[PDB]
Amino acid sequence: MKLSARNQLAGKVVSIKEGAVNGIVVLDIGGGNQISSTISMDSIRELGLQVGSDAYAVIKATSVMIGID
Amino acid sequence: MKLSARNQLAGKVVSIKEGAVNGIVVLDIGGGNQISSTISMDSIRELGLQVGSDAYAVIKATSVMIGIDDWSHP
Amino acid sequence: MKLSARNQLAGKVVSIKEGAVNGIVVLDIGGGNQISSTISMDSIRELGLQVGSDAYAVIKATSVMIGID
Amino acid sequence: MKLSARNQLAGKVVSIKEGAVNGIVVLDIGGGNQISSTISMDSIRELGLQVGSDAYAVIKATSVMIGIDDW
Amino acid sequence: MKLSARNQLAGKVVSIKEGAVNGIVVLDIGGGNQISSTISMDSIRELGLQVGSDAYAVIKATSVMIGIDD
Amino acid sequence: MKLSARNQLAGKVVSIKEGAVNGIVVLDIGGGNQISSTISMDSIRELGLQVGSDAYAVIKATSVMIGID
Ligand code: MOO
Ligand code: MOO
Ligand code: MOO
Ligand code: MOO
Ligand code: MOO
Ligand code: MOO
Ligand code: MOO
Ligand code: MOO
């Protein structure tokens, strides 16, 4: 699928924290940046995610806030 | 403030699209990545954002989905 | 791309209301259900959406609330 | 109450997966479509949800993305 | 309707900023606190919201972050 | 940090329910209102949150719906 989400950032899974119905996937997206994703355990399984998997961090633009110092 | 949001990514503003009540801020966060943020025009003004401003893309972890390529067969 | 979002509902575009930076797409997913999506104008154009387009309403499970009468 | 959320889709609970502080509710909304919802366990209990309950999937329009087959 | 959203804060509309497809509704919830809501113009119209209307700010718990003084 | 989020509501923590990857923090913001926040256990710990902590409920304007009677 091609998705409307403005942010689709390629990266590699560096850690997966398994929970009860959700888990937290951490992706190394390059440039010294990592992104954490809290998604359902069902999806972690269905997408076959493991540490070292290639994946994408997908974020709708309306979910992104801006901060400054 | 220190914020719970797991994702707080430093970057530089490369473009701002001004709308009616919202606008879209594009941040270059390095490594060839850009992040687009759709936020209120009021916030854009109050934060003094301009092209070239240093800022952060702030994303709650529950807002981030994971994708894989179409030819991966889990 | 294949996505973690638990909800990926096939439907046809029945209307697009254009805004300044966002627009609102209405998708008929069948059975008398329609879904409204508020997304960037950039995305509406990039996906080539028009009345009658085949598409999907994509919703993260953590964005779905449950209501009762 | 009546809510601004543009999407309020009637359906029946087909499953509830209990987690620690959240659970996942699946609703059959008709037309062969199901909606999965990740909400607090407290809300699952407070709303009296069980398999067979009548309910609604409620989604804010700004939470909905559009995808296409990009063949 | 009764909703799973854990946050439902009563207040009065103090302002509505109309946009193109969205508008921004501000509610006075008391205590010198206001909540701003960015929602569709269609909903603002359908709910009959005007300055002075009694309403509620409704927020899913997964949408709320916590911040602290550093 | 200063944040674009239009809603930044001061309050005191009155409850913490710990989960597997998430927890739920309840903040009393005054006027008889409490705001519940479902966030990662990691952040709950990193922010040092306990019953009695002073904190803020932070909500993006696009996450706030309006309801009426
Ligand atoms: O155009 Mo989006 O789907 O709001 O990022
Ligand atoms: O721990 Mo968060 O605020 O869900 O990213
Ligand atoms: O939270 Mo999900 O598993 O991306 O719908
Ligand atoms: O295009 Mo808007 O109405 O400023 O979100
Ligand atoms: O008008 Mo809404 O509450 O953004 O779906
Ligand atoms: O109940 Mo959890 O901590 O969201 O899996
Ligand atoms: O996640 Mo909730 O339990 O709908 O606020
Ligand atoms: O959409 Mo905002 O201006 O980050 O609350």
Side-chain angles (χ1 to χ4, degrees), chain A residues 17-25 36-42 44, chain B residues 1-6 60-64, chain C residues 60-68, chain D residues 13 16-25 36-50 58, chain E residues 2-9 57-68, chain F residues 7-60 63-64:
Chain A
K17 187 169 176 195
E18 306 180 331
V21 295
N22 292 301
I24 299 181
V25 180
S36 300
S37 165
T38 300
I39 53 168
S40 71
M41 286 308 315
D42 291 322
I44 290 166
Chain B
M1 200 185 278
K2 191 177 190 307
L3 202 73
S4 64
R6 301 285 79 196
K60 199 175 181 301
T62 44
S63 299
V64 184
Chain C
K60 201 177 183 301
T62 48
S63 300
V64 184
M65 292 155 279
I66 298 295
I68 62 173
Chain D
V13 174
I16 299 169
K17 188 178 169 209
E18 313 197 345
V21 294
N22 295 301
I24 301 181
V25 175
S36 299
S37 166
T38 298
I39 56 170
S40 70
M41 287 305 308
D42 285 330
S43 284
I44 289 172
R45 288 187 291 265
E46 285 167 0
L47 297 177
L49 303 179
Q50 45 201 198
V58 176
Chain E
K2 176 178 194 309
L3 202 71
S4 65
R6 297 210 65 78
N7 305 293
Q8 304 183 28
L9 308 161
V58 174
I59 311 148
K60 199 175 185 299
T62 46
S63 299
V64 184
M65 293 156 280
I66 300 296
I68 62 171
Chain F
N7 306 296
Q8 303 183 28
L9 306 167
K12 283 197 170 275
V13 173
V14 296
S15 171
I16 300 173
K17 187 169 121 155
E18 310 194 337
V21 294
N22 293 303
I24 299 184
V25 177
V26 181
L27 198 69
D28 186 326
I29 63 164
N33 282 314
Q34 297 84 45
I35 295 181
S36 302
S37 165
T38 299
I39 53 171
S40 70
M41 288 311 304
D42 297 323
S43 75
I44 288 169
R45 294 183 196 134
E46 291 175 13
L47 297 182
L49 300 176
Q50 302 175 318
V51 173
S53 302
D54 294 326
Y56 301 86
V58 175
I59 312 145
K60 199 175 183 300
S63 299
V64 184

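Only this structure's heavy atoms are used, side chains among them; waters, hydrogens and symmetry mates stay out. Below, chains carry the letters A, B, ... as their sequence lines are ordered, and counting in each starts from 1.
- Contact check for A:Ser40 versus D:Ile24: side-chain heavy atoms found under the 4.5 Å cut-off.
- A heavy-atom distance below 4.5 Å is not found between the side chains of F:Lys60 and B:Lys60.
- Atom-to-atom distance recorded for F:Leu49:CG and F:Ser43:OG is 7.0 Å, nearest 0.5 angstrom.
- Side-chain atoms of B:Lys2 and F:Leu47, non-hydrogen and from C-beta on, do get closer than 4.5 Å to each other.
- Across F:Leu27 and F:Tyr56, no two heavy atoms sit closer than the pair CD2-C, 3.7 Å.
- For the pair E:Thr62/D:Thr38, no side-chain contact is recorded, criterion being any heavy-atom separation below 4.5 Å from C-beta on.
- D:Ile44 has its side chain out of reach of C:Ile66: every pair of non-hydrogen atoms, C-beta onward, lies at least 4.5 Å apart.
- Between the CG atom of D:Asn22 and the CD1 atom of D:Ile39 there is a distance of 8.5 Å, given to the nearest 0.5 Å.
- Taking 4.5 Å as the limit, every side-chain heavy atom of D:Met41 sits out of range of all side-chain heavy atoms of D:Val21.
- You'll find the side chain of E:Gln8 reaches within 4.5 Å of the side chain of E:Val58, heavy atoms only.
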Test side chain to side chain contact (heavy atoms under 4.5 Å, CB included) applied to B:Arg6 and B:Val64, step by step: CA-CA 10 Å; B:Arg6 301 285 79 196; B:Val64 184; over 6 Å; no
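- Residues F:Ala55 and F:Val13 share a closest heavy-atom pair of CB-CG2, 4.5 Å.
- Heavy-atom minimum distance, F:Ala20 versus A:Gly19: CB-CA, 3.7 Å.
- Using a 4.5 Å heavy-atom threshold, the side chains of F:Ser36 and E:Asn7 count as touching.
- Scanning both residues, D:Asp42 and F:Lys17, for their nearest heavy atoms gives OD1-NZ, 4.0 Å.
- The number of heavy-atom neighbours closer than 6.0 Å to CD of F:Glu46, taken from other residues, nucleotides and ligands shown, is above 12.
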